[PDB]
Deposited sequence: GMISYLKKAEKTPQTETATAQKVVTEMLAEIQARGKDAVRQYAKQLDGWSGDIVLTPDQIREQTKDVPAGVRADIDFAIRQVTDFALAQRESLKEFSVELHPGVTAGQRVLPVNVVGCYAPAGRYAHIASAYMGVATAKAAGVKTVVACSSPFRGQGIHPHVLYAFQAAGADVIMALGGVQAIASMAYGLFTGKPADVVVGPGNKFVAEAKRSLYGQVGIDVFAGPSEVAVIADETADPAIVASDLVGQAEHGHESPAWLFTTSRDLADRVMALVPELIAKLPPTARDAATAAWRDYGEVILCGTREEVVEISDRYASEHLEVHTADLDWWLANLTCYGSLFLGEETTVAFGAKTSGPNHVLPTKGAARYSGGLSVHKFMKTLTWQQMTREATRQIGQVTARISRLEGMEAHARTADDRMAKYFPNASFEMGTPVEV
C-alpha cells in the first residue's frame, strides 16, 4: 500500500512587440531595449581584451574550482557524444543504407547572472555544445548594474569555450542569437534558464527539484540534508522522499525542520515555505511500488540511497538525472538536464541515406511497381518501369496492371 505521510499544500504578449520591433529594425532596436531595460549604453560584443580585464580580479582558487566543475561536465559530454554512431549496413543484397551524425552549426547560450543562481547555469550549455562539436557557441548574459557581465559568469563562459560573448539580457539576447545579430551567425538552437519573457521568447522563436529514494540502510541525516539542500532555492522547489521504511520516513520528517531552523535567514525562509508547500513523503510496500511512484513524479534530480543499487539503475525509467548511492549528491551537479533536455544529443543531427546496385532494383523495382499500382499511384510505378527498361532492356516482369482511373 502507498501512504502520503506528507502531501503538497499548494500546486507573454510583450514578447510579440519586442520581436516584431527587433525583426524590423535589427541591431538598432536591440541597443535601445538594452538601454531602456538594462540601462546599458556600451558595446554588446566583448573583445578578447575586455574579457581578460573584466575577469582579472577573479582569484586563482576560484578559477580552479570553476575549471574543475566544468571538466566534470565536459568529460562526460565527450563520452556521450561518441554514443551515437555513424554506420553503413546492407539490407536486401545490393541495398546499402546508413546514418551520418552532425553537430549543429551554431548554439546560443543564455545565463541570467542573477542572485541564487548556480554558476553551473552559465557553463552547462556552453560546455555541452562545445563537447558535441559545435563550432560556434554564442553566450549572452545580462550586464550587472552597468558594470558588465558578472565576472564569474564571464569567466565560466570563457573557460567553457564560448566563441562569442555578448553583454545582453532578456528577450533581446534570445532574439539577437536567433536572428544572428552582431555575429551574422543565426543560432540553430538557444538554451539556458531565464525568466518568463525569456522562456516565452524561446517558445516563440523556437523550479529546482530533488527526490530521494531510500530504504532502511539509508542515513536519514544525509537524506534530510539533501532535501533541504535544494529546498533553499525558492518557495516553489519540490523536495520528495520515497521510502519503504517508516522509521526513516518519520526520522527524516523530524530532522528536516531542525536543519531548516539552523540555516541563515534567506535560506531559512525559502526552505521553510518550500518544504511546507511542496515537500512530500511517500511510504511504499515493495521496491516495485517505489519505482511506480518515482516514475510518475519523474524528478529532475533523483538520489537513490539503498541496498542493491544495480536493481534501481535497471528498473527506474523516468527521471532527469540519477544520483546512485549516498556518496554523490545533487549539489555536486548533474552532467545533463532532463526535459525542461540539455545534453550533447540536443546539438546533434542524424541524416539517413540509401543507395542501390542495379541488381537490387530487379526485385525492389517490381514490388514497388505492383504496390504503387494497387495504391492507384501510376506515376510512382513508372519510376520503377523506367529503371527496369534502362537496366534490364528485354525483361518482362510483373509490374502490375496500369491504373486507368
item	value
Where the deposited sequence has no C-alpha coordinates (positions from 1, in order)	1, 13-20, 216-225, 360-372
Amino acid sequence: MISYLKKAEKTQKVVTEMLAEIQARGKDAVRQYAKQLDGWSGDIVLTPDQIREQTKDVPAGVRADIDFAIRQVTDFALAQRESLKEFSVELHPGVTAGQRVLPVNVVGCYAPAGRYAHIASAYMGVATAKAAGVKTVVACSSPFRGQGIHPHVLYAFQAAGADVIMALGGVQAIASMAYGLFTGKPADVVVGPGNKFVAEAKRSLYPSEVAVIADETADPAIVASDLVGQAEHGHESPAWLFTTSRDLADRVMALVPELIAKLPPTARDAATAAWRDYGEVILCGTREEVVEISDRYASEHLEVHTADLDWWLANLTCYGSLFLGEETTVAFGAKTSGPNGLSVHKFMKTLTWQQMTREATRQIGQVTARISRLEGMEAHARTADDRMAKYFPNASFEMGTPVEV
From here on, numbers count along this sequence of modelled residues.
property: Stretch exceeding the other in mean C-alpha B-factor - 347-355, 47-55; result: 47-55
property: Per the entry, higher mean C-alpha B factor between 71-79 and 164-172; result: 164-172
property: Per the PDB entry, maximal CA B factor within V223, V126, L313, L283; result: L283
property: Out of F157, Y278, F87, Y319, residue topping the C-alpha B-factor column of the entry; result: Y278
property: Where the record places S337 (Cα B-factor, split into thirds across the chain); result: middle
property: Third of the chain's Cα B-factor distribution that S204 belongs to, per the entry; result: highest
property: Chain-wide C-alpha B factor ranking for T244, given as lowest, middle or highest third; result: highest
property: Chain thirds of CA B-factor: placement of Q23; result: highest
property: CA B-factor ranking of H380, expressed as a third of its chain; result: lowest
